[PDB]
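A.B. asks: build me a structure from this.
(one chain, ligands or ions: 1)
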Amino acid sequence: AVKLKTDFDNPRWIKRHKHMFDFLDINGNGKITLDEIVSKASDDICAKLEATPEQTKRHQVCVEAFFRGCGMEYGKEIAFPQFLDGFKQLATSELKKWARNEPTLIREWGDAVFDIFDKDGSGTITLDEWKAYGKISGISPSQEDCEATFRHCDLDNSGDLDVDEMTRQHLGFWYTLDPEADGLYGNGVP
Ligand SMILES: O=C1N2C=C(c3ccc(O)cc3)N=C(Cc3ccccc3)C2=N[C@@]1(Cc1ccc(O)cc1)OO
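C.D. replies: Numbering: from 1, shown residues only. Please see the structure below:
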């Protein structure tokens, strides 16, 4: 039973996103742009994961939608406070879709990442594949933290992760500060 109640004023939820913001703020001037974010997704991440042009584009579209959901746009610098209020709007919009049994932006982003890793048609992500993602995206480079993610989640009998489980975890991790989601990224993200 995922937590659907928001906790936007919680110091821990704020710090989780402040951590992500600072992680995306390259030169550390206290601001980020959609340009820099999409570049990371397409020129860096997708390239190293050897995604096809179509997979790269699908992934790009998902990222653009996720961050535009935070009020971000190309050519505009965003400061943390504004980024955070934007994230609160994305979160409520996502929870509304969840309440309507409509696919969320984080679920669709997940589908795009999972497809890039869908080779033998496993339709899932293995520990090694996630380890690669953690390193290439930079969100969780430590092998230990990636192993912590898999120990944290409910895996199938083969030890692989499925998109519904990751979506479920992410909804609680990014949006509602679900106690069940705490620890999702080991020490990689608070
Ligand atoms: O969830 C994810 N992320 C959340 C945030 C993020 C950023 C700012 C916030 O305030 C909060 C969260 N940043 C990145 C990393 C990234 C950023 C920009 C472009 C590409 C990648 C990121 N990568 C994901 C991708 C993913 C999505 C669904 C899945 O099922 C599996 C994997 O795996 O962690």
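
A.B. asks: and after the longest helix seen in the chain, which helix or strand comes next?
C.D. replies: The longest helix of the chain (DSSP state H) is helix 80-99. Downstream of helix 80-99, the first helix or strand assigned by DSSP states H and E is helix 105-117.

A.B. asks: in the helix or strand following that next one, what's buried?
C.D. replies: Scanning forward in sequence from helix 105-117 by DSSP H and E, the next helix or strand is helix 127-137. Neighbour counts over helix 127-137 (16 or more other C-beta atoms under 10 Å) mark 127, 129, 130, 131, 132, 133, 134, 137 as buried. Every residue, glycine included, has its C-beta placed from N, CA and C.

A.B. asks: test my guess that the fifth one contacts residue 50.
C.D. replies: No - with contacts defined as C-beta atoms under 8 Å, residue 132 does not count as touching residue 50, sitting 10.6 Å away.

A.B. asks: residue 161: which of the buried residues of helix 127-137 is nearest?
C.D. replies: residue 130 (6.6 Å; C-beta to C-beta).

A.B. asks: please report how far that closest one lies from residue 92.
C.D. replies: 28 Å (C-beta to C-beta, to the nearest Å).

A.B. asks: same check on residue 189?
C.D. replies: Applying C-beta to C-beta, the value for residue 189 to residue 92 is 21 Å.

A.B. asks: higher neighbour count, the two?
C.D. replies: Shown here are residue 189 and residue 92; by other C-beta atoms under 10 Å, residue 189 has more neighbours (18 against 13).

A.B. asks: leaving out sequence neighbours, find the closest residue to that one.
C.D. replies: residue 19 (5.9 Å; C-beta to C-beta, 6 or more residues apart in numbering).

A.B. asks: I'd assumed residue 187 was in contact with the one you found.
C.D. replies: No - checked against C-beta under 8 Å, the pair residue 19 and residue 187 is beyond contact range at 11.1 Å.

A.B. asks: more neighbours, those two?
C.D. replies: Each of residue 19 and residue 187 has its neighbours counted (other C-beta under 10 Å); residue 19 has more, 14 against 11.

A.B. asks: and the helix or strand that contains the more buried one with the ligand, contact?
C.D. replies: Element membership of residue 19 [criterion: DSSP H and E] is helix 11-24. Yes - counting by C-beta under 6 Å from any ligand atom, the ligand is contacted by helix 11-24 at 17, 20, 21.
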